[PDB]
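J.: got an experimental structure here, sequence first:
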Amino acid sequence: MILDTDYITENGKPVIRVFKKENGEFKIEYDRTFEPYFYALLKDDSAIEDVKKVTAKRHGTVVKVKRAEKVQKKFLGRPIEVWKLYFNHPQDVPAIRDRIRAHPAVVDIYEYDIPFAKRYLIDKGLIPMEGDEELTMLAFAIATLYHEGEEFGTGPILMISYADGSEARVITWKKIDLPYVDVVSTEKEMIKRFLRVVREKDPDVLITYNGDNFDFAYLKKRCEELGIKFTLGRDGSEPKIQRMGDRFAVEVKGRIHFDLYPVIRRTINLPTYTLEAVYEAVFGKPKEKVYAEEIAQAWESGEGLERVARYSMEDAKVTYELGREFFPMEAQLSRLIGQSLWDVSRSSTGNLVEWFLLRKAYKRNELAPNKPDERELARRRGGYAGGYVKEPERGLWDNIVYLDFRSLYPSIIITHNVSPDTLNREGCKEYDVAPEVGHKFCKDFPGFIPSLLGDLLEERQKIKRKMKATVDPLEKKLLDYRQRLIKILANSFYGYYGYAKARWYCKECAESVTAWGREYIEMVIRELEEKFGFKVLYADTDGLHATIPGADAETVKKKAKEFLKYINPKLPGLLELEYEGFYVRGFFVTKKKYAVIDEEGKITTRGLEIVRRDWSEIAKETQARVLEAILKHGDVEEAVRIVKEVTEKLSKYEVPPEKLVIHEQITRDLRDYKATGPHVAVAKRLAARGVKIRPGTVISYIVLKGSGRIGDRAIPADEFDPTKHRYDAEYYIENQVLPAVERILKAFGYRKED
DNA sequence: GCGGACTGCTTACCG
DNA sequence: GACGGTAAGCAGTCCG
Ligand SMILES: [Ca+2]
Ligand SMILES: [Ca+2]
Ligand SMILES: [Ca+2]
Ligand SMILES: [Ca+2]
Ligand SMILES: [Ca+2]
């Protein structure tokens, strides 16, 4: 299985490296054959040799075009003949391009911004992580003596924990007398040992939880300060800390550095992303957190380093268990997209789509359109109409049937051949015209994107069939990950059209998708209301809730099933409506906010404060208990009482602190903010202490007693101590518990609760 | 003047 | 880190 690709420079010539593992042995295949290239559309082929003599200096010396060949290749379907300009070293590409482009003979420079290592994987048609081979993995974690506002790295590492299938152990230089602790003599000697342990085990994968930003960077700062050759690589390389986007990312050449944080963040939706939370979330089993204040006084005292140790050991043990559960699906991802597990792990669905197209485009002889310049993105800053959301018939309704379209936007993208290479073509035999946008899509050639979208959905059914046949539970799991991933990639294509920084951007494509969406949703609703006697209670894009007021639950079911038989033949192409659920009773509050309870008794909650992370857990609990009473039981008085007891408990100061924590994410650099919410006021005072309040950072806080602006009275949950502080018993009753509860119980017009 | 009515910023959800 | 549509709360500024 091809792990990843890289290139070194042997005697001033770029030699490619394909890191593979064949028959339970890591092998490195070199390739000097592959020469870099980039395309160029000259105004007149006559000016080939004239424009071929452009140059500019690199670090070593001057760079000039090695050779050039005029090539025929399709662009948005339309045939085009352009010059591909070969260069000796890939780092000559970024030097020559700007000047070669400015040349008043060439029209534009194309396909110049693809890395060579990634170019090789595409052009050769080599698929990463293909074939059956069990890869050895080692999870590791570090514990540091980082002070309050201490310059990053000055604090020394106290312990290094590593864990795999066999064992979990701690290496440290203070004396923790336990069977899983290895006492070294100095910090230097423990790092020396850790590096040796990694060398001895020689694992294919190194698992971390946010190792990209903290763990690896910190080990470097120390290895510099102490003077240790930080060689974790298989080729004897020190780990490469690249500045990928807002954050950084770290590559251990020869191994897979699998940072769980970015993957877990993308996958799971949690209030906070502590390794304690991620564990308790995924596995359900709890994990205690030995703090920095504790880890410090432990080291300073010597008393009770056994807890500080157990923590470090459990951190690695958990990291391993999380890694072994997440890695497999992130591997099948690598296969589907066709780039390394490393990239696919740290990539947006936005870029995963573009990588998947760049690959298919090469195979189709399609020249890839360039990413937009700064002036272009400004021109793509024009929004478009979304989908229909019906203003809901409010109240408690009985016997609701949920109907929705199966893969709506994809069905449209396929059916109407929606693609930039088909948008308003010249003299096609057949066209499909968008309802209100008016955009006409050529229906002669199967479009680039639709063609691929078909194959994906076409393969997903092949995989779901092979799953039925699969006897091995492991393969049936790995097969489910593939089929599942295909779907999520298939539903990303509408979004990619609207995404400005996308190569294959198309505003009129995205506009037309939503438009057809609006028409078909509205047309279904109209029929179910007219032809059949249903009353559409609420509807969002692609889905609706309805019932037959006064009819029995059985009748609602039968009649809804009868409607699907009627409507589907009337609908065109792949546009098909499906019966998705029936619910005993349901409650619609506002647009995007409602709840329903199924026949078995499982309540389903959408949009209400219960699900939101930026509400006090007392408000989210108090609501869920009121909502349970109204739906599950039916005791409206019980809800009235549930509010009052909870309300009195807070005013008596008997409400636990833990339940009062409010979580609000920091969107941008705190300076850029135009108006200060509490979370901003919390973030700005925390940053004044030299803390790292950066984009992605979730701010926890509690409202302290008093009056005025809520933001000037917010002490972080960690910072908060009971003392004589207490809490703003008013706020949590006035602004949190009551408003949220009121939303549900307002249907029966309740005024005030004690 | 004062304080109730408006309005823009920001967050997190829904599909 | 895709998309647009939506409900809110909090902290400012009108204007009768
Ligand atoms: Ca020009
Ligand atoms: Ca539903
Ligand atoms: Ca099904
Ligand atoms: Ca019941
Ligand atoms: Ca948006």
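T.: Thanks, I have it. Numbers count the residues shown, from 1 in each chain, chains lettered A, B, ... in the order given. Ligands and ions are numbered 1, 2, ... in the order given.
J.: going forward, measure contacts between C-alpha atoms and count neighbours the same way
T.: Noted.
J.: which bits of chain A sit near ligand 1?
T.: A:104, A:107 (CA under 5 Å from the ion).
J.: make it 8 Å
T.: Applying CA under 8 Å from the ion, we find that chain A lies next to ligand 1 at A:101-108.
J.: so which of these wins on neighbours?
T.: residue A:106 (20 neighbours; other CA atoms under 10 Å).
J.: near DNA strand B, which residues of the stretch 201-350 of chain A?
T.: residue A:269 (CA under 7 Å from any atom of the strand).
J.: quick one: the strands in the stretch 201-350 of chain A?
T.: A:205-208, A:240-242, A:249-251, A:256-259 (DSSP state E, counting those that start in this stretch).
J.: need the ones you listed in a markdown table (columns: mean neighbour count and distance to residue A:748).
T.: Shown next, in a markdown table, are the strands of the stretch 201-350 of chain A (neighbours: other CA atoms under 10 Å; distance: least, CA to CA, whole Å):
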| stretch | mean neighbour count | distance to residue A:748 |
| --- | --- | --- |
| strand A:205-208 | 24 | 52 |
| strand A:240-242 | 14 | 59 |
| strand A:249-251 | 20 | 54 |
| strand A:256-259 | 25 | 51 |
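J.: mind putting those in CSV, distance to residue A:76 included?
T.: Compiled in CSV, the strands of the stretch 201-350 of chain A are given as follows (distance: least, CA to CA, whole Å):
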stretch, distance to residue A:76
strand A:205-208, 40
strand A:240-242, 34
strand A:249-251, 35
strand A:256-259, 37
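J.: which among the ones you listed is found nearest to residue A:276?
T.: Proximity to residue A:276 (CA to CA) singles out strand A:205-208 among the strands of the stretch 201-350 of chain A, at 14.2 Å.
J.: tell me the one of the residues of chain A next to ligand 1 nearest DNA strand C?
T.: residue A:108 (25.9 Å; CA to the nearest atom of the strand).
J.: which SSE is the closest one in?
T.: strand A:106-110 (DSSP states H and E).
J.: chain center to that strand, what's the gap?
T.: Relative to the centre of its chain, strand A:106-110 is centred 34 Å away, using CA atoms, centre = their mean, to the nearest Å.
J.: dump that strand to CSV, keeping only the CA atoms.
T.: Presented in CSV, the C-alpha positions along strand A:106-110 are these (Å, rounded to 0.1, in the frame of the first residue of the first chain):
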residue,chain,number,x,y,z
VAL,A,106,0.4,34.3,-23.7
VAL,A,107,-3.4,34.6,-22.8
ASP,A,108,-3.2,32.9,-19.4
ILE,A,109,-1.1,30.3,-17.3
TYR,A,110,-3.0,27.2,-16.2
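J.: show me how far the longest helix belonging to chain A is from its chain's centre.
T.: In chain A, assigned by DSSP state H, the helix with the most residues is helix A:305-337. Relative to the mean C-alpha coordinate of its chain, helix A:305-337 is positioned 18 Å out (CA atoms, centre = their mean).
J.: return the set of buried residues in that helix.
T.: A:305-324, A:326-327, A:329-337 (16 or more other CA atoms under 10 Å).
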